[PDB]
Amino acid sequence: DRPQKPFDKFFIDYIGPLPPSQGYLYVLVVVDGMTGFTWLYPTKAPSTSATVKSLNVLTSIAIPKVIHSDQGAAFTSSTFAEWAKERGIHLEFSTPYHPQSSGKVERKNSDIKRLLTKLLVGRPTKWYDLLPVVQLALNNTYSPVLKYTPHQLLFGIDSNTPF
């Protein structure tokens, strides 16, 4: 009933394990619901601790109303609940064995996994170092359904690194 805004929901999963690039094995994927903006964080494991550490970075920049995830141990710990409560973030969960992201996000992690794959092919253990560029692309790829890329939706400006 109310038009969707950035920060209204942040979606996560992990994507791993991957080949050890400089010591990092998993990747915490954060995507904004409305803009489709994406933050990646290389973590050494999909523990709540690596998750908290990474989101502690994000939640310095912005804080979402809802964090939507699946039922990974990383996301369903008592700790993680206590973590979200302190910051006023609501935790919504996808029903187990039934991903309930959204069309925009569905294609987004699609776009990310497809993006990540190229790196495994091209750069066998240099993927870590390139997470920023990936993140740039993901945030600079245009959109069909919307005429805009996230970097225009999140900031309202053309990027100085378009794709």
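For the two forms, the rigid core is made up of the largest set of C-alpha atoms that agree within 1.5 Å on superposition. Start at 1 and count along the sequence shown; that's the residue number.
Greater C-alpha displacement in 7 other deposited structures of this protein (rigid core superposition, RMS over structures and residues), of 33-41 versus 123-131: 123-131. Comparing 114-122 with 22-30 in 7 other deposited structures of this protein, after superposition on the rigid core, the stretch with the greater RMS C-alpha deviation is 114-122. Averaged over CA atoms, B-factors in the entry run higher in 104-112 than in the other of 48-56 and 104-112. Looking at mean Cα B-factors across 127-135 and 33-41, the upper value is held by 127-135. In this structure the maximum Cα B-factor among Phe11, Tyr24, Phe155, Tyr14 is found at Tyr24. Among the modelled residues of its chain, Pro6 has a C-alpha B-factor that falls in the lowest third, as given in the PDB entry.
Ranked by C-alpha B-factor against the other modelled residues of its chain, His68 falls in the lowest third.
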